[PDB]
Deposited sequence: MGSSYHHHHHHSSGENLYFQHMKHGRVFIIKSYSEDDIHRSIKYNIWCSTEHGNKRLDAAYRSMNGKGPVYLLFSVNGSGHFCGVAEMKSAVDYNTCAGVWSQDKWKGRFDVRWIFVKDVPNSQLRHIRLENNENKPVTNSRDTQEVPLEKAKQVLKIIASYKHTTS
């Protein structure tokens, strides 16, 4: 058995990226940036966590059919940074992450976990910075960690 993930202090968000380049840049430099409203959502979660648990980010390139990895948020959002570092010059700011897992996990492995906070839609049909209830996030993390 693996009873590791079955902890009550942690918050977990879906990250959608239009760009494979942004994923590569995030993995290379351990940084990320979302939309304005996505940044505010993540920043609020990171700050109210106050180091008492992780904020996990589950990354998926839009339309790709698979998740591509897992990162931990490692800083609050800096909203005034160099512009144009991502594929679109549509992102304002920067925060630190630490990539934990870089591996492709097909949506078929996860489509049966549904989100009660998002109309019971499959976790694989989430939008950018959709938050995942902790008890569903535990199931997703265990599937990602064991996939091969």
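Sequence order list of spans that the model leaves without C-alpha positions, deposited numbering: Unmodelled stretches: 1 to 14, 21, 164 to 167.
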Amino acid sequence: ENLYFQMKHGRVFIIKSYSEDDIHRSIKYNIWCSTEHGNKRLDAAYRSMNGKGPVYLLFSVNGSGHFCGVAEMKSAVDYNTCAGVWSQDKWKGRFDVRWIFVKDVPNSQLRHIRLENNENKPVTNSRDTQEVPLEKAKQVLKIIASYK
From here on, numbers count along this sequence of modelled residues.
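Between two forms, the rigid core is the largest collection of C-alphas that superpose within 1.5 Å.
Stretch with larger C-alpha RMS deviation in 9 other deposited structures of this protein, core superposed, 122 to 130 versus 8 to 16: Relative to the shown form, the greater RMS C-alpha distance in 9 other deposited structures of this protein belongs to 8 to 16.
Tell me which of 83 to 91 and 61 to 69 has the higher mean C-alpha B-factor in the deposited entry. Mean CA B-factor is higher for 83 to 91.
May I ask you to compare 47 to 55 and 118 to 126 by their mean CA B factor in the entry and name the higher one? Result: 47 to 55.
Relative to the other modelled residues in the chain, which third contains the C-alpha temperature factor of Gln109: lowest, middle or highest? Its C-alpha B-factor belongs to the highest third of this chain's values.
Lowest, middle or highest third - CA B-factor, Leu141: For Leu141, the deposited C-alpha B-factor lands in the lowest third.
Sorting the chain's modelled residues by C-alpha B-factor, tell me whether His9 ends up in the lowest, middle or highest third. Highest third, going by the recorded CA B-factors of the chain.
Could you place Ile100 in the lowest, middle or highest third of its chain by Cα temperature factor, using the values in the record? It falls in the top third of the chain.
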